Number of protein chains: 4
Amino acid sequence: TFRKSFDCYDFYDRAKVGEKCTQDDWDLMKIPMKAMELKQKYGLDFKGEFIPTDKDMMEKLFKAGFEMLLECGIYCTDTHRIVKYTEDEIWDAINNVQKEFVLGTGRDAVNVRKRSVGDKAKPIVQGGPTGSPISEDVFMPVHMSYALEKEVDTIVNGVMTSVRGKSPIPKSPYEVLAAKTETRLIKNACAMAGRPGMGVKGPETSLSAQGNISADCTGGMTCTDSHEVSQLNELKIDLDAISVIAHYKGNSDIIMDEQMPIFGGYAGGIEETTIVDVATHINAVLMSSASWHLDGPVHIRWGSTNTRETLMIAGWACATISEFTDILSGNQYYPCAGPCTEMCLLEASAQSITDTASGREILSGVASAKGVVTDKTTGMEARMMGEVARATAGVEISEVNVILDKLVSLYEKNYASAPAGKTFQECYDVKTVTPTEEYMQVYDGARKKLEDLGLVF
Amino acid sequence: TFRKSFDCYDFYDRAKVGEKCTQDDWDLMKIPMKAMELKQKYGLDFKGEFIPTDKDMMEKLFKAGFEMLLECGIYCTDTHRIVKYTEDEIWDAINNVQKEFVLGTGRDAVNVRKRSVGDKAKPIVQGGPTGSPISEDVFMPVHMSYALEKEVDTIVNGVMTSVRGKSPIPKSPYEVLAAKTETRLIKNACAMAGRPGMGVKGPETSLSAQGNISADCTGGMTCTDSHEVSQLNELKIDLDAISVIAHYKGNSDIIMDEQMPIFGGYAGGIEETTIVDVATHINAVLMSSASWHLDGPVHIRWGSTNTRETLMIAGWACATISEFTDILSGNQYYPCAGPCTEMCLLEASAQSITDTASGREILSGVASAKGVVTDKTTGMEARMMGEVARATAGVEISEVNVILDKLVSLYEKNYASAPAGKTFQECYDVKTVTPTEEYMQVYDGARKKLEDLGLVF
Amino acid sequence: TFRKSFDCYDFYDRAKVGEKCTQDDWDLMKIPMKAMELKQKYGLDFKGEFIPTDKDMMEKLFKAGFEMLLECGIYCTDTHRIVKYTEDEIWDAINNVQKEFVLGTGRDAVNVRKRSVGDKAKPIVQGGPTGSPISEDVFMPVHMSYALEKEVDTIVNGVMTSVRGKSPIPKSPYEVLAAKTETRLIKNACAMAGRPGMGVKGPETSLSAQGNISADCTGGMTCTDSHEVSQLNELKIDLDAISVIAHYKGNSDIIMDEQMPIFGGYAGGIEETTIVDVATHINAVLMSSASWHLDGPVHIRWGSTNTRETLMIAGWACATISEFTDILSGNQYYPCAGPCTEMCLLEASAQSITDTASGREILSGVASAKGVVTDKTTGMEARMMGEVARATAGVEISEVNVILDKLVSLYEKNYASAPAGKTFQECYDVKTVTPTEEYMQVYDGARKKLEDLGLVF
Amino acid sequence: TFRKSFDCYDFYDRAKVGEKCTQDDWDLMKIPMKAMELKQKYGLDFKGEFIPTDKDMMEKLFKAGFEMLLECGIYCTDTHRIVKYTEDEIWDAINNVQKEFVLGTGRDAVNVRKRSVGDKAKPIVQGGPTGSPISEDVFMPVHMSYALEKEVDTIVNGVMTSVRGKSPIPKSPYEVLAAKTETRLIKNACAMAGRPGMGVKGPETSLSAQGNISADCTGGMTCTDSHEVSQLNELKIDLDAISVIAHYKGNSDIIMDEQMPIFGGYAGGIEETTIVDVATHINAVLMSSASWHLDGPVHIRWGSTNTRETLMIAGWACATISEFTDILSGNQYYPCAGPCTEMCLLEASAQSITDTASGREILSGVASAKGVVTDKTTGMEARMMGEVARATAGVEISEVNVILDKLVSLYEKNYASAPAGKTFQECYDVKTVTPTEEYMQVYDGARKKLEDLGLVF
């Protein structure tokens with residue numbers, strides 16, 4: 001049996017005396033070799049499906065992911081050593097995951113409960129800039145565009161490009177100011193939308209351990225908000241994250257562990273990356289003591305989470321995780337196209353269909369324009385994300401797989417030419433925080449195409 | 001119809017003017033006669049089963065327990081008088097019991113919902129010294145050994161052998177100090193384990209009404225913790241408990257009413273004691289306004305809750321209570337053997353299987369070494385309790401009954417020679433609060449035997 | 001030096017192994033002998049003054065009181081043993097008393113700071129039934145009559161003659177219900193008067209340790225209210241009070257220790273009883289860890305706190321305590337006459353003049369009709385108490401002594417024939433909670449006489 | 001006029017573009033040159049006095065300190081650049097300092113108000129291990145020894161040598177665990193002493209920015225506790241401290257800025273080091289937005305704050321600061337001798353006399369055995385610190401200077417042979433947390449000598 005339930009403290013201990021190893025040995029040999037080995041050993045073959053129906057294949061994927069974590073362990077970048085778990089420690093973690101939890105407070109609180117593949121229940125809609133850079137002068141208005149949408153349940157924070165006119169440089173006092181201010185302003189935006197108690201997810205503007213740790217404050221982040229911590233690529237972590245985890249646990253905060261496996265990355269192709277994905281979903285509740293895990297498979301070239309391959313990876317990972325564990329999870333949205341474009345909505349829609357049908361409990365989006373273009377994220381994308389989630393809930397998986405194949409085909413040949421889209425200021429009337437007729441027309445066009453594919457809103 | 005819903009105030013009123021009766025008349029005549037009468041009247045026969053499958057027999061047991069409470073009433077030790085209920089008052093109580101509730105706060109809170117016989121859902125695991133005496137210098141470490149176990153959901157408080165180096169003598173200022181301090185230290189131990197919001201169950205060190213009433217305090221016990229009040233043996237109560245109940249109700253506290261029916265006690269044998277057990281489960285929501293009821297059938301000779309007879313009593317009582325009422329309940333663990341011994345784990349395991357399969361919502365243990373030996377309780381026993389609960393959930397009752405018969409046979413011939421076991425300090429490394437390899441080996445041995453019996457972890 | 005700062009825990013310890021002694025030996029020998037001895041040793045002679053101006057005499061009184069406590073110790077009724085203090089323990093207590101504190105919350109909070117003899121600052125006016133029995137159906141209205149008076153700063157709770165139509169019998173569940181309910185209703189009455197945050201003083205309806213300990217609750221008593229504990233007569237205490245003290249300390253509650261030395265009691269006459277009074281003021285911060293001490297010298301025959309002798313006792317005790325210590329204190333009001341009578345107002349007025357000029361920080365009244373007649377207490381008496389306090393603040397002590405001699409002469413010959421007065425229902429319009437013209441006329445008459453004596457309102 | 005009131009954000013800005021300078025240029029040239037220049041320019045000469053009476057000389061010292069800060073600026077170790085202030089920015093800071101504040105909560109809260117030289121009011125007594133290493137198994141007991149002393153008003157945290165049996169290594173998860181746990185345990189110790197609301201000062205176990213920032217938590221440090229941030233030597237700071245300051249401000253926390261000028265250090269001798277001291281008192285409210293400033297002049301060789309020179313430095317600095325500003329301040333205690341030795345008590349006593357008479361608002365001690373020996377700090381030293389403070393309050397300065405000269409002479413020839421003293425476990429009975437008769441005897445001996453010097457307790 002295990003000595004004690006594994007936690008961030010055990011990780012630190014082991015990271016200091018674990019097997020020495022270069023990062024190249026890990027990225028260019030250990031990880032890719034194991035992913036390759038397990039894929040063949042278990043004969044994993046997704047056969048073009050976005051969401052699996054073959055439970056035998058799913059079980060093999062689960063065993064593969066479990067074995068990957070067990071045999072490889074986790075690489076600690078700071079100490080350049082490997083942390084290994086025992087089989088009993090992993091099971092103790094999987095066997096005792098958080099069953100459910102509440103986000104937000106008052107009338108605005110929402111319950112997060114497990115969803116199974118093809119579940120009739122709608123997933124939680126977490127809308128916001130999704131970590132994208134937002135100008136300080138429109139920080140509240142932008143977030144308000146999500147709070148005003150009834151489709152949105154909780155908010156995923158954007159990043160303040162500046163606070164008091166200064167860049168929140170990591171480890172500078174401005175980073176601390178931004179960490180606290182971020183959620184304070186966002187919750188104020190929610191209050192202005194008549195929903196003061198909406199839960200949020202962050203802190204996003206802060207990057208350092210000290211910055212993230214300063215986010216919990218009066219008027220800001222509290223225990224009813226999702227607290228983020230990020231795993232690295234692949235099956236890797238830094239000590240800063242380990243300390244942040246200790247802080248979250250010490251404040252009784254809901255913890256959201258994230259990991260964005262890279263398709264075509266160190267793991268390799270589809271099945272290989274999915275094995276890693278299952279392994280990191282598991283590692284989330286083991287290493288990070290996560291309340292829930294946020295996925296986000298991204299294409300090495302396109303940098304999007306909604307390519308055919310990344311959707312398949314997320315679908316299989318979640319369906320498998322939902323089938324064999326009680327781990328709560330979500331997925332993040334990174335479309336290629338920007339706001340106010342049909343492609344952006346269709347890209348997000350494809351992922352919403354995939355996530356909803358595969359069993360995700362939370363949809364966190366949308367980081368339009370790949371989430372790296374200032375002010376290019378609006379509540380309209382989250383609205384589509386939510387409406388599509390509703391339309392998808394309860395639909396037969398065989399039908400969903402057909403719809404996805406057709407939908408993805410409508411844009412997968414235009415990644416290199418994805419329309420840049422517009423900023424919040426360009427497709428919304430900033431003063432009243434309402435979309436322009438232009439955006440409303442684009443929205444209708446995208447909706448019509450989804451309906452022609454078979455979706456019923 | 002009833003005049004008003006019955007409460008502790010009505011009880012006090014009636015206890016002052018009820019039928020005069022000596023305690024011997026109650027213990028040596030009224031109770032045993034009624035238990036005997038109802039057993040034969042309803043032809044109760046458990047036929048060697050730990051968990052019932054015969055619903056007709058179960059219904060007769062329920063009616064017997066109800067009739068026992070209705071015809072006998074409750075004996076008040078202070079006034080030496082009998083309190084009688086009407087049929088309508090009893091039904092009003094049974095028809096309006098607490099459906100569910102939350103224990104603990106923040107990320108660490110857990111939901112307590114009803115479980116049915118053979119339920120696939122796992123019961124809540126309440127781990128702790130279970131009222132056993134713990135040295136003041138290791139009070140936090142000992143409780144931390146439970147908080148560190150992911151298997152544990154909530155804590156059941158131990159007893160401080162001293163506070164500030166003095167015995168918490170009943171009705172002395174030290175009793176008050178211990179009542180407040182107890183939970184303050186325990187919650188601090190939980191915080192050190194990264195779970196600041198774990199709910200607890202107590203107050204245990206205090207015994208007097210004033211002592212128990214002083215336990216609610218800042219940093220200590222709050223409304224999200226289970227508040228204990230104990231019924232006497234059998235169908236009996238003291239006025240001190242009546243006042244404590246009034247206090248719990250006045251603070252909107254979750255109330256846990258306990259009663260440990262004695263096999264071979266004033267009631268008689270198995271079926272007789274079970275009739276009493278059903279009667280006291282009912283009395284819990286009637287007299288104590290309980291949120292949930294804690295059982296604990298104990299063998300008159302062995303003083304354990306896991307003997308063949310006591311397991312059968314608990315199994316039938318809970319299965320019956322779960323089948324015909326919505327009363328939430330739990331059971332407490334008193335093994336003969338001490339910590340770090342195979343017998344202790346097997347004893348607790350047998351009860352965990354019984355409690356889980358019979359429908360208990362909460363498992364509260366483990367009071368190793370019969371809970372009367374200083375420092376002889378550790379989180380390892382609670383870990384086994386939880387793992388066994390998981391393995392038992394969902395298993396066919398017919399199969400469970402076979403496993404129990406075989407398991408109990410492995411130790412029921414060694415009660416008189418149960419190994420004393422070791423203290424926390426002896427089988428754990430106090431500084432890091434981790435079990436020794438010795439304990440881990442014993443644990444594995446016990447686990448293997450359970451697996452050979454058919455349990456799947 | 002002392003081993004540790006003395007507290008209720010040390011008291012308990014010592015009370016179990018102290019010198020055995022009968023209560024008669026204490027009341028009929030030890031106390032009266034020491035009071036007699038110290039009076040002569042120090043040549044104490046108050047020479048008819050209500051408030052002292054002779055500092056040498058005052059210093060001798062202080063030394064006498066200190067020596068009395070040091071040489072006699074405190075008698076514990078439960079163990080029938082004597083608890084002794086060392087000189088260093090007493091000084092440690094006197095040298096570290098609470099300097100000041102806040103009562104109540106929000107806009108309604110008030111600061112309690114030290115007052116010196118003849119201080120220009122007005123004392124805090126604590127108005128209420130002052131522990132007198134009040135009918136349940138007018139509990140809120142009666143207290144509201146005090147909250148509505150701007151003269152009143154805080155409330156001193158009355159006693160509920162019944163709760164839910166039942167007597168709050170000590171150690172019955174009704175006592176607990178009344179302890180919590182009492183302040184909940186009173187604070188609600190304060191809220192109805194537009195002063196939701198007024199601080200209170202209690203719990204009064206409860207008498208047992210368990211009853212008093214249950215009073216702290218949501219909506220009821222909190223740390224910003226004065227928590228009562230009573231010393232016995234003379235230099236005596238029961239263990240129940242010791243446990244209550246431990247509870248108050250454990251909840252960070254403001255503690256009010258009370259003691260009502262009896263003129264003509266076990267101590268003897270004026271100077272003797274004053275020596276005891278000084279000794280119990282000191283014992284308050286030593287044994288009870290009091291935030292402030294409530295005095296209340298009472299005439300053995302008349303049972304009033306405003307007789308010539310009791311006023312002299314309070315005046316000298318407070319003036320002396322104020323001169324040589326920083327101990328915060330107050331005095332309680334027990335007039336012979338009932339509400340709506342000129343005598344009652346004049347009796348209370350005489351004490352208000354004495355208390356204010358002698359340096360009391362808090363005036364707690366008025367327990368009209370000797371506080372034992374149901375519903376015979378109204379805010380009108382507290383109004384006079386406050387107005388007189390204002391008029392007295394800043395007045396030359398020599399002048400105050402002249403006014404007191406004249407005022408007391410106006411009623412000291414009518415104790416045996418003091419008018420019974422009327423109930424709240426008789427001299428107030430219950431629905432609007434306003435005094436009748438009859439009472440207003442009586443008030444004016446009393447006020448005029450005070451003005452003729454030299455008081456300037 | 002100034003552009004904006006100066007804060008930690010402006011400091012960061014300026015630290016990145018300020019004049020480049022090596023740390024040697026700062027320590028070996030700029031600082032010593034300016035201190036030397038200003039000492040001669042203003043003709044500063046303390047003439048052997050511990051506490052100044054010559055106001056002209058005091059005013060010159062103030063101007064010197066102000067000019068030092070203005071002309072030199074502050075050296076930022078991370079950027080190796082100098083931050084300069086304008087005269088208007090410095091005055092804006094000095095003209096708007098925090099007037100007063102409350103530490104702790106409930107009955108246990110205390111008011112911190114300004115004290116002038118020779119003030120009759122007693123300073124606040126902050127007792128605790130004063131940052132010294134304390135074994136984890138006695139962390140609560142040790143702090144309880146201070147909470148139990150009525151002389152102590154607030155607690156100054158000790159350092160946990162381990163948490164869960166591991167060293168709280170900077171930037172490791174254990175540092176975060178210790179930062180939160182530290183105060184949680186200490187406040188629990190205070191509660192056990194019957195003073196749940198005592199304010200504390202820390203976080204001490206944490207050293208990194210992330211560690212310190214994680215200390216604010218439920219059950220732990222809150223806005224009513226003093227939050228520490230340390231200036232370096234001399235007129236120097238690191239960016240980590242700048243970020244911590246931003247966090248404290250963002251949580252509305254009471255801020256305590258500390259600086260320990262070194263006698264014989266980079267500044268030079270007595271007057272030189274005092275000029276630096278005055279400059280850092282000012283910098284505290286400018287750079288750190290401090291609520292109050294903690295001083296601590298230390299002898300370069302002896303490492304003690306109570307040598308003749310360090311006492312003179314503190315006395316002149318505080319007297320001057322108290323005379324010309326409203327800056328609240330305190331001083332920390334570092335005696336050479338260890339606990340349970342006469343020298344230790346006399347050393348602390350000398351500083352208490354100096355601090356009290358010179359106008360300090362808070363006394364924070366005692367770090368016995370130079371605060372670097374595990375478990376060698378007990379409440380007994382704080383008791384002496386407090387009693388001496390009481391005895392010193394109100395005494396004529398000329399008399400105080402005579403007493404100090406005589407007292408310091410009693411030990412200033414034994415620094416090299418200062419007795420090591422004993423640990424808490426050796427001079428206290430750990431179980432009851434009470435000093436041994438041995439310590440009590442030593443205490444009496446030290447007290448007698450102080451009395452022979454003229455101190456009146």
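Every chain is numbered from 1, with letters handed out A, B, ... down the list of sequences.
For A/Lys249, no part sits under 4.5 Å from any heavy atom of chain D, backbone or side chain. In this structure, chain D has no heavy atom under 4.5 Å from any part of A/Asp78. Using a 4.5 Å cut-off between heavy atoms, A/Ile169 contacts chain D through its side chain alone, with no backbone atom that close. With a 4.5 angstrom heavy-atom cutoff, A/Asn212 does not touch chain D via any of its atoms.
Sparse packing is recorded around NZ of D/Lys20, with 12 or fewer heavy atoms of other residues, nucleotides or ligands lying under 6.0 Å away.
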Table please: side-chain donor-acceptor pairs of residues 215-222 of chain A below 3.5 Å, with sequence neighbours left out.
unit_1: A/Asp216; atom_1: OD2; unit_2: A/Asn251; atom_2: ND2; d: 3.0
unit_1: A/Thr222; atom_1: OG1; unit_2: A/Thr224; atom_2: OG1; d: 3.1

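Contacts with chain A were tallied for D/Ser243, D/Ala15, D/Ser208, D/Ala209; D/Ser243 has the most, counting heavy-atom pairs under 4.5 Å.
Scanning residues 170-181 of chain A against chain D with a 4.5 Å heavy-atom cutoff picks out A/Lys171, A/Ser172, A/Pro173, A/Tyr174, A/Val176, A/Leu177, A/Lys180, ordered by number.
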Query raised in the report: Taking it one step at a time, do A/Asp7 and D/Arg164 satisfy salt bridge (charged side-chain N to carboxylate O under 4.0 Å, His left out)?
Result: CA-CA 13 Å; A/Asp7 60 37; D/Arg164 266 169 61 177; 3.0 Å; yes
Query raised in the report: Given D/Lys166 and A/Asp13, is the side-chain contact (heavy atoms from CB on, under 4.5 Å) satisfied, shown in steps?
Result: CA-CA 9 Å; D/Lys166 298 289 186 176; A/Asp13 290 351; 3.4 Å; yes
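Minimum heavy-atom separation, D/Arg184 to A/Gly250: NH2-O, 2.9 Å.
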